[PDB]
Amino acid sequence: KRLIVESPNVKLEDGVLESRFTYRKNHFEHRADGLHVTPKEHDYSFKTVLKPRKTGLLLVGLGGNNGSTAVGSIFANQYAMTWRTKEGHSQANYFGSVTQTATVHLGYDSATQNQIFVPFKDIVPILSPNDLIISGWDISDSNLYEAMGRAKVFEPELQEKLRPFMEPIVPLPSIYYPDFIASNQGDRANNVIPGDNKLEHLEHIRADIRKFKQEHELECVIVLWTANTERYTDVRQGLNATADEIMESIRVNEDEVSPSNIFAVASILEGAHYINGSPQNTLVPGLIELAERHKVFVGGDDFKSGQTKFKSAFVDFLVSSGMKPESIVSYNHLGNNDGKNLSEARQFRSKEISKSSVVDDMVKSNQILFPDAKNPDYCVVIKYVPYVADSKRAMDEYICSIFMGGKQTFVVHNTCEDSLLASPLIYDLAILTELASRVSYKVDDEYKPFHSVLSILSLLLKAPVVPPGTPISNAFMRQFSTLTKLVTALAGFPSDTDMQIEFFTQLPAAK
C-alpha cells in the first residue's frame, strides 16, 4: 500500500518523477506612503529520482558515544533486538528520527471523516537507516564493542546481543592535531596517521573514501563529523577565504588548517558530501566555494538534539503569542567524553556561540515587542559532571514580559540522553542528503541540483550554515514545514492545509 499521486502536473518516466510546482512569493517595494506587496507565481519543475541510491556513511569519531550508538542501533533494528526491563521488554526502534517517524498533514477526507496524516517516508522514497553502510575513523583504536562499554548508552543486555556485530569493527586511524581539541584527549589518541604533512594526510583520507566507495560499490558517499569539538580556525584571505587559498594552505602545511578542514576537503574532492555535526567553523567560505565547484553538498553546524531544539520551538511560540522574552538562562551538565572535551575554553566557545545564536531571527521578526531589536539577556553554561555521564541535564529559566508589565516565568528541567537524542539526527542528516542528491529543478532548459549548502537540514542543526547572502532560520517548527512542504511539492501534492477553510465555509466547486 503506497501513496499514489493523481495530477496533470506529474509524470513518471524512467524511474524519476517530474513535478511542476507553482510557488507563491511576495515581492516588495518601499514607498513614501508605505509598503507595496506584489504577489507573483514561480513555476518550478522538479525531477526526483525515485530509487534511493546505495549509500555509505563515514563518520569521523566513529568510536565515540554518537558514532558507536548510531552503528549499534542500525544493527539492533535490523535484527529487531529486545532487552528485558523491569517493565517487560524493550525493542529496537528509530524514535526521534524525523524521517522515520514524523507524520505529515495532507488534508481532510470526508468519506472516513478524518484528518489525513502520512509518514514522512511515504511521501518521496527515502533510505531507511537499515540501508546505510557505515565505516569511519577514530583517533582511538577501541573496537565498537569496547566503544559501547565506554559510552554507557545501551543497557548491558543489548551490548551483549550487539557484541558479534560491533566487536569486529575497529575504526580507521585519523588525523590528530593536538592543538585543535581539548588537551585532555592526548591519552585517548593511539590510532593516528603518521607525519605532519597535511597534504599527505589529505591524500590518505581521499584514499580511504575511494576504497570504501569501491569495496561496497556505493552510489552515494556521505562523510559526517561527530568527533570532538575542535576550536575555531582563523578566517582570512591568504588562508581560507577561497577554494584555491584553502588548497594552497594544505600544500604549504599551514597551521590554521584543522583536521576537520582536511576531511571536508577529502570528501569534496572525492564526490562525497560532508556534514558537520559539531560547533567548529569547518565550512569556511573557501570550503563552500570548493563544494560549489565540485557539485557536492555541505551541511552544519552542530546537532540540535536537546535544550536548543526546545529553545527553538519555545521562543517562536512565545514571540508569536505576543510575549517579550527578557531573560534566557541555559545551564547544562554531562559526564560523557563530549563534556570532558568542553571542559576546555576554546572548545566551549565553539559550542556557546551555536547555542546562543537561535533567537536572533525571532527578535528581528517583531518590532512591537522589540522596538530596538535588542536581544534579551542570554546566558549559556556547560559543565563537566562525570556522575550523570551521557544523561545530560538541561536547566533553563525563561522570563518574559506580558500584558501590562506583568511577568511570566518558566523554569524547566530536561533529562537529555544525548547519544539517544543525537544518533537519530545522524540518520536524518545522511538521509535527507541522499534524497537531495536525487532532486533537480529547471533553471534554464537544463536541470540543476539545489545549492551546495543545503540549508533544508536546518531543523537538525543548531547553527545552520546557509547559501551566501540568505537569512538564517532558527525556529524549529518553521524548519519542519520547509521540509514537509518541499517533499509534498516533489511528490505532487502540496496544499493550503494549514488553513482548512472548508470547515467554516461552503467549499467552491473545483476548477
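For every residue, the number given is its place in the sequence shown, counted from 1.
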inquiry  = On mean Cα temperature factor in this entry, is 218 to 226 or 290 to 298 the higher one?
reply    = 290 to 298
inquiry  = Going by the mean C-alpha B-factor recorded in the entry, which is higher: 145 to 153 or 381 to 389?
reply    = 381 to 389
remark   = Among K121, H413, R163, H204, highest Cα B-factor in the entry goes to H413
ask   = What's the residue among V465, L59, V49, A475 with the greatest CA temperature factor in the PDB record?
value = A475
remark   = So, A92's CA B-factor, relative to its chain, sits in which third? The lowest
query = Split the chain's modelled residues into thirds by Cα B-factor; is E434 in the lowest, middle or highest one?
reply = middle
message = When the deposited Cα B-factors of this chain's modelled residues are ordered and cut into thirds, is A272 in the lowest, the middle or the highest one?
response = middle
task = Using the B-factor values recorded in the entry, state whether the Cα atom of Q159 falls in the lowest, middle or highest third among the modelled residues of its chain.
result = lowest
query = Which third, lowest, middle or highest, does the CA B-factor of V443 fall in along this chain?
reply = highest
